[PDB]
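Whatever order the structure lists ligands and atoms in, that order sets their numbers, starting from 1. Order of the sequence lines sets the chain letters (A, B, ...), proteins ahead of strands, with each chain counted from 1.
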Amino acid sequence: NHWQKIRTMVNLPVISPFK
Amino acid sequence: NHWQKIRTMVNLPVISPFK
Amino acid sequence: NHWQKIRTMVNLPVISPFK
Amino acid sequence: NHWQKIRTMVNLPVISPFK
Amino acid sequence: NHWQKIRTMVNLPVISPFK
Amino acid sequence: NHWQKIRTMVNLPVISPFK
Amino acid sequence: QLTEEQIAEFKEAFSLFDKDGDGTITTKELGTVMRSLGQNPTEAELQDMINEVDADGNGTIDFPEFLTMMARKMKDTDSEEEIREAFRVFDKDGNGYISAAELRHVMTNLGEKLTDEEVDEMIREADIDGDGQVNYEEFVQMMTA
Amino acid sequence: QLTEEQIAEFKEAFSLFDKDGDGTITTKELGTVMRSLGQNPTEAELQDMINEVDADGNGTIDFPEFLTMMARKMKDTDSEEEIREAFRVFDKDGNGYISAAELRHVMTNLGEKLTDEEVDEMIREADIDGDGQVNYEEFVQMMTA
Amino acid sequence: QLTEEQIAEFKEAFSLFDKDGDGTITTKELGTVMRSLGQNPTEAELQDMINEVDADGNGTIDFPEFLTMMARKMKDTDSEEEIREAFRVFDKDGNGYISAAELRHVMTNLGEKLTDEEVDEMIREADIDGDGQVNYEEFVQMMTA
Amino acid sequence: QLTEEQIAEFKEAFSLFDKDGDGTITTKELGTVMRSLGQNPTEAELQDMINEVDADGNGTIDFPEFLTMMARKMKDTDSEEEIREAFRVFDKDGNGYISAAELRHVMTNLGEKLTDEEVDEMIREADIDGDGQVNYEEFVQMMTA
Amino acid sequence: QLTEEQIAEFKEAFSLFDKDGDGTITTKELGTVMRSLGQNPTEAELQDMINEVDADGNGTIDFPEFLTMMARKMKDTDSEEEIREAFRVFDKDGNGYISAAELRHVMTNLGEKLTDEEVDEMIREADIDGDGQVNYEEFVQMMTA
Amino acid sequence: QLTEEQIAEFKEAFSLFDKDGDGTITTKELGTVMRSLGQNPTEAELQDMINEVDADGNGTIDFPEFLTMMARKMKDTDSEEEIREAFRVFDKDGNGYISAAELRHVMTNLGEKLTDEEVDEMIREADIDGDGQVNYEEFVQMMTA
Ligand SMILES: [Ca+2]
Ligand SMILES: [Ca+2]
Ligand SMILES: [Ca+2]
Ligand SMILES: [Ca+2]
Ligand SMILES: [Ca+2]
Ligand SMILES: [Ca+2]
Ligand SMILES: [Ca+2]
Ligand SMILES: [Ca+2]
Ligand SMILES: [Ca+2]
Ligand SMILES: [Ca+2]
Ligand SMILES: [Ca+2]
Ligand SMILES: [Ca+2]
Ligand SMILES: [Ca+2]
Ligand SMILES: [Ca+2]
Ligand SMILES: [Ca+2]
Ligand SMILES: [Ca+2]
Ligand SMILES: [Ca+2]
Ligand SMILES: [Ca+2]
Ligand SMILES: [Ca+2]
Ligand SMILES: [Ca+2]
Ligand SMILES: [Ca+2]
Ligand SMILES: [Ca+2]
Ligand SMILES: [Ca+2]
Ligand SMILES: [Ca+2]
Ligand SMILES: [Ca+2]
Ligand SMILES: [Ca+2]
Ligand SMILES: [Ca+2]
Ligand SMILES: [Ca+2]
């Protein structure tokens with residue numbers, strides 16, 4: 001839900017802001 | 001109505017239970 | 001409106017009752 | 001009523017759209 | 001229900017209007 | 001709105017269903 | 001030559017006999033309805049009644065056979081003699097009057113369980129002299145109607 | 001060259017004359033409307049008015065004839081002189097003012113019976129100086145509008 | 001010889017054709033109404049229809065011309081053949097029945113957009129057998145009324 | 001070997017054809033129902049259909065004849081091919097979907113005029129993908145059920 | 001050079017074709033949407049349409065491919081000719097008017113099932129002359145807006 | 001091979017970067033999102049990140065390019081190491097716990113400003129031991145779900 005949005009941003013190759 | 005149902009059962013040839 | 005009806009009757013050539 | 005309007009349109013000589 | 005009535009009319013041999 | 005959706009589907013090159 | 005209206009009435013009559021809903025009337029089912037209204041036909045008698053209506057000789061009456069026999073054999077109206085016999089069956093103590101209890105008894109065994117108000121309304125429709133029971137002449141009127 | 005709007009207005013005017021609804025105006029019907037508003041035309045005068053509009057010479061005016069004469073003869077606007085003559089007819093005591101009673105009198109004879117509030121609203125629309133009557137200049141404004 | 005009542009009905013019919021309200025019917029306006037109800041007259045055909053009614057030969061039909069042609073050419077009643085042709089136009093899938101949808105379609109194209117309840121009431125007035133549609137014989141009754 | 005349940009269903013089907021309630025189906029009545037759902041059988045074709053079911057050769061189908069033919073000829077289930085043909089009849093524009101309007105059209109011509117809510121509920125029962133229409137596979141499910 | 005706004009609109013369009021939600025459009029899915037709006041493209045024709053947009057030649061259109069083709073091929077505005085063709089598709093009886101029913105038909109097949117009030121509001125937005133239908137010029141205004 | 005569902009999620013992620021809505025992500029826009037969550041990439045580093053995804057070499061990332069890189073490079077699931085790195089970013093004081101304030105901080109910078117009740121509900125979903133904060137193991141569960 002809101003957690004899903006975090007899951008998506010965490011699994012962005014290259015440009016995730018969570019590296 | 002209910003009387004009609006009696007009329008029908010009375011006028012059954014052969015198998016009327018009202019003979 | 002009602003005034004319009006008077007306008008029409010006034011502008012009837014020949015048969016206007018307002019001559 | 002509404003049926004009358006159909007009656008009128010049906011009985012238009014020449015230009016009835018119901019021919 | 002209403003669907004049943006369609007089922008019956010579809011399965012009428014000879015005279016089904018759904019052929 | 002709903003009209004916008006029609007505008008979009010009309011302006012689809014190649015695959016518009018409105019040709 | 002049966003109308004839709006008549007077919008519907010006959011379907012209902014047939015259905016009272018056909019208590020298991022399988023679309024045929026057996027000797028057993030015929031015997032059950034008969035005994036339920038005070039008749040005592042022997043088994044051979046019941047068998048003859050079935051065989052008489054069972055056109056294809058498979059041993060049971062089906063609805064087409066029932067309707068065909070109705071069209072071939074029914075009278076236009078209830079005959080005078082049928083009405084006298086039916087009065088006898090309703091008036092089971094033979095006291096000359098059909099009571100609310102005797103009427104309820106017949107209706108329940110025709111597959112119509114009625115409330116007291118419904119039985120009373122049935123009587124009210126027939127009850128010319130207002131005594132709360134249906135005598136012979138009142139019964140005739142209801143049967144010829 | 002009449003618009004739908006004009007035809008509707010003319011239909012209403014024609015209908016006031018055509019009091020029996022038969023789709024023609026006779027000399028009698030024309031005389032009745034005229035006298036009802038204080039005119040005293042002689043019969044010959046009325047006959048001339050009919051004959052003038054009656055294109056087919058059958059002796060009555062029908063609606064096509066009426067509309068045709070309107071298209072051929074009407075002015076764009078009410079002329080100044082027509083307005084002066086009409087003011088005379090409304091102001092029947094000649095006191096210089098059209099009163100609520102004089103206005104009601106005309107409207108009723110034009111086939112519009114109004115309540116007091118409706119007469120008063122009509123006046124209110126014309127009544128520049130707020131005196132409760134319509135003078136000549138106020139009447140001109142209502143006629144040129 | 002048209003009554004006030006007839007003139008009012010004809011004014012309404014004329015007005016459906018005269019979609020821009022300018023008091024004349026063109027070939028274009030005639031074509032539009034015709035196509036709107038499923039007719040496919042060619043332009044020459046439309047032109048002939050106009051020329052036929054256009055007494056003064058200016059190329060359009062005006063209301064006096066329309067009324068005159070009505071008085072000269074109309075039947076007293078809707079003829080039997082006119083009713084058969086009109087049934088065809090309403091029953092556009094040719095399934096033998098005019099449905100609520102087919103009725104709505106015609107009424108909207110005659111300038112009367114109706115609610116569902118109004119369409120249903122129209123049908124109810126014609127609907128002798130209570131099936132919720134207007135068959136041919138029910139339509140005849142509504143047309144001869 | 002028909003159950004009470006089946007007889008009741010067949011009575012209802014027979015009754016749709018037998019529009020005058022006289023307990024027989026004529027060629028005329030058969031043609032009317034067929035055309036009402038978009039079929040165009042010739043008269044000879046209709047006559048053959050009647051003659052096929054009319055066991056006694058009197059020229060009409062009665063209910064016993066109808067039931068007998070049902071018992072002799074019906075399938076246990078709707079066959080795959082019957083379902084494909086029926087889908088064609090519902091989907092009359094051939095766009096691949098049965099819409100609320102197409103469903104209403106069929107139901108009304110089967111003697112069931114439904115409200116919008118009832119049509120929508122019918123669709124809802126079939127409408128697996130929730131698109132508001134019944135596609136071919138959804139229709140199969142409703143027919144095999 | 002597509003904005004966020006345009007991408008969102010295209011995502012919605014792509015999604016109508018991609019009925020199984022798998023992120024690609026097949027020939028089958030393209031054919032289904034086309035037939036649903038009255039087009040009859042042959043299979044080879046459909047295949048060509050796919051191959052044209054399918055940059056990587058794997059046989060289906062994916063969203064990046066769809067967006068790229070949109071950016072490369074779309075017009076700024078709906079062209080005049082596209083509007084004439086689309087009017088034809090809405091006006092499926094060719095009577096010159098898009099009705100509420102014809103509008104509902106298109107909207108449902110674009111994945112938007114609307115209530116009667118919503119269809120009527122859509123029409124109201126386009127309906128310059130207030131006749132309750134959308135003619136050609138009213139449709140142009142809605143398309144050029 | 002992205003589903004509709006995945007495309008919608010990616011559209012939302014892309015949109016956070018593309019703060020001006022022009023359908024492309026620049027180095028500037030990428031830097032802004034990164035710094036907003038505590039990253040300090042140099043300009044050259046940002047430029048490399050753009051160039052890596054920018055297939056056509058025009059200097060910005062568009063949505064087709066973004067989706068293509070996602071399909072080519074994404075993992076099925078969030079890897080263990082990605083989860084450890086993300087925990088570090090949430091737990092910015094390094095005290096071992098993600099607090100409501102730290103969670104709000106991240107969510108707001110992901111474009112979701114939440115009420116206190118919504119933040120608390122988010123925590124409640126993860127908060128196995130009921131202490132009102134999200135520890136490392138609770139965070140893993142939320143990430144692997
Ligand atoms: Ca049985
Ligand atoms: Ca038997
Ligand atoms: Ca007794
Ligand atoms: Ca008791
Ligand atoms: Ca008594
Ligand atoms: Ca008169
Ligand atoms: Ca004359
Ligand atoms: Ca005065
Ligand atoms: Ca007073
Ligand atoms: Ca004054
Ligand atoms: Ca005009
Ligand atoms: Ca002319
Ligand atoms: Ca029809
Ligand atoms: Ca009917
Ligand atoms: Ca019959
Ligand atoms: Ca027969
Ligand atoms: Ca369809
Ligand atoms: Ca569906
Ligand atoms: Ca797909
Ligand atoms: Ca591809
Ligand atoms: Ca149309
Ligand atoms: Ca409706
Ligand atoms: Ca319009
Ligand atoms: Ca940007
Ligand atoms: Ca790029
Ligand atoms: Ca912390
Ligand atoms: Ca707070
Ligand atoms: Ca915790």
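Nearest N/O/S atom of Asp20(J) relative to the Ca ion (ligand 15): this is OD1. As for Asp127(L), its N/O/S atom nearest the Ca ion (ligand 28) is the one called OD1. Its N, O or S atom nearest to the Ca ion (ligand 28) is what matters here, and for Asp129(L) that atom is OD1. Taking the Ca ion (ligand 15) as reference, the nearest N/O/S atom within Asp18(J) carries the name OD1. For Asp131(L), the N, O or S atom closest to the Ca ion (ligand 28) goes by the atom name OD1.
Take the Ca ion (ligand 28) as the corner point: the lines to OE2 of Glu138(L) and to O of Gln133(L) open at 130°, to the nearest 10 degrees. Rounded to 10°, the angle formed at the Ca ion (ligand 7) by OD1 of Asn58(H) and OE2 of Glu65(H) is 140°. Between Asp22(J) atom OD1 and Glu29(J) atom OE1, the angle centred on the Ca ion (ligand 15) amounts to 150° (nearest 10°). Put simply, the angle at the Ca ion (ligand 7) from OD1 in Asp56(H) to O in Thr60(H) is close to 150°, to the nearest 10°.
At least one N, O or S atom of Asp54(H) sits under 3.0 Å from the Ca ion (ligand 7). Residue contact annotation: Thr24(J) places an N/O/S atom under 3.0 Å from the Ca ion (ligand 15).
Using a 4.5 Å heavy-atom cutoff, the side chains of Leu103(L) and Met122(L) are in contact.
Distance alone, capped at 3.5 Å, places no donor-acceptor pair between the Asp116(L) side chain and the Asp120(L) backbone. A donor-acceptor pair is defined here as one N or O able to donate and one able to accept, closer than 3.5 Å; such a pair exists between the side chain of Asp91(L) and the backbone of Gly96(L). No side-chain donor-acceptor contact under 3.5 Å links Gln6(J) to the backbone of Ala71(J). Looking at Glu82(J), its side chain never comes within 3.5 Å of a backbone N or O of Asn11(E) through a donor-acceptor pair. In this structure, the side chain of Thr108(J) does not engage the main chain of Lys113(J) through any donor-acceptor pair within 3.5 Å. In this structure, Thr68(I) contributes its side chain and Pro64(I) its backbone to a donor-acceptor pair below 3.5 Å.
Ring pair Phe90(L)/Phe18(A) is parallel by interplanar angle, where below 30° counts as parallel and above 60° as perpendicular.
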